[PDB]
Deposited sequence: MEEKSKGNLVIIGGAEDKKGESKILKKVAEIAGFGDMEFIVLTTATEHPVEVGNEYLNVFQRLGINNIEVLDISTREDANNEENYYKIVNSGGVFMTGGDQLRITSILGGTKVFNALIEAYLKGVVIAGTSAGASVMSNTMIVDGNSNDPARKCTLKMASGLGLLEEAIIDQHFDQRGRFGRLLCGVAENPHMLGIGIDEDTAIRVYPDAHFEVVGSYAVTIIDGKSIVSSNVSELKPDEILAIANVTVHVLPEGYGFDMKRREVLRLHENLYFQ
């Protein structure tokens, strides 16, 4: 499927390059465009801001779904609105609010069906973290692992997504996560930066700053399995990429692309 995974604090007032790319992929409203505010405790403000930005970018057929209870998440009206949409955008908030309210519900199945039909699923901040199978949950002392992870939506199968990556401790905790299971690709996305993931398992960077990619398959050793909460992480032979707009990544071969 088609994903847009956004690092948070994206431009909602100026050029809005990332949201413009989302609107472009969605078809500008040909089929209804849905904004899902589940993650936040301020769904009216947030819903209205995204509503205004997407109208300004040319999407007229827009609905904001305030799915805030599991009852709402099992309302078949919302199932049908999502499976018949031209695109879904998940706003920020808390990752566990998204999973605890949508996991196991009809809305969740609607998102997965839409995704499999080629409907663009986009999300920013928490709405980005939840796209991986196992996600990082937002305690982060430097050089230590105080990491909490949880199951996500699993739209992106073999990656751990971290956002707001120009924040103290995000590199360290994504590195902890990759060390715990080097099978997972670590993808740290800066604010006002995003990756667009294509059905052929490559993505392109879009936006103002950079995406840090942590590839643990080169790892020779680590002490993560022996580590106590106050002890310093050791790790040998991590592969790291930093990709700004114009670059991409082949996730099957784990190779950096210039576009």
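- What the model leaves out of the deposited chain are the segments 1-6, 145-147, 269-275.
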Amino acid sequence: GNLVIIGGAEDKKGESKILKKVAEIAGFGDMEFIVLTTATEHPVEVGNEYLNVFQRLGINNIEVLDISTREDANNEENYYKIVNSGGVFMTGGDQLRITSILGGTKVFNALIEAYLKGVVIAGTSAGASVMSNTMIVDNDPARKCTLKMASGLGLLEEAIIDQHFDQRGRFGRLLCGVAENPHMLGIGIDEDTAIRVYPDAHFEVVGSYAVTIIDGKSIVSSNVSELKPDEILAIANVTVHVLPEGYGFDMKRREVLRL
From here on, numbers count along this sequence of modelled residues.
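- Comparing 37-45 with 203-211, the stretch with the higher mean C-alpha B-factor in the PDB entry is 37-45.
- Of the two stretches examined, 122-130 and 139-147, the record assigns the greater average C-alpha temperature factor to 139-147.
- Between the residues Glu76, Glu180, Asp162, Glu157, it is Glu157 that shows the highest Cα B-factor in the PDB record.
- Going by the entry's values, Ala23 shows the largest Cα B-factor out of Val240, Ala23, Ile235, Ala9.
- Among all modelled residues in this chain, the alpha-carbon of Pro244 has a temperature factor (C-alpha) in the lowest third.
- Split the chain's modelled residues into thirds by C-alpha temperature factor. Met31 is in the highest one.
- Residue-level temperature factors show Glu191 in the lowest third of its chain, judged at the C-alpha atom.
- The PDB entry assigns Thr99 a C-alpha temperature factor belonging to the lowest third of its chain's modelled residues.
- Annotation for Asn109: CA B-factor lies in the middle third of the chain's modelled residues.
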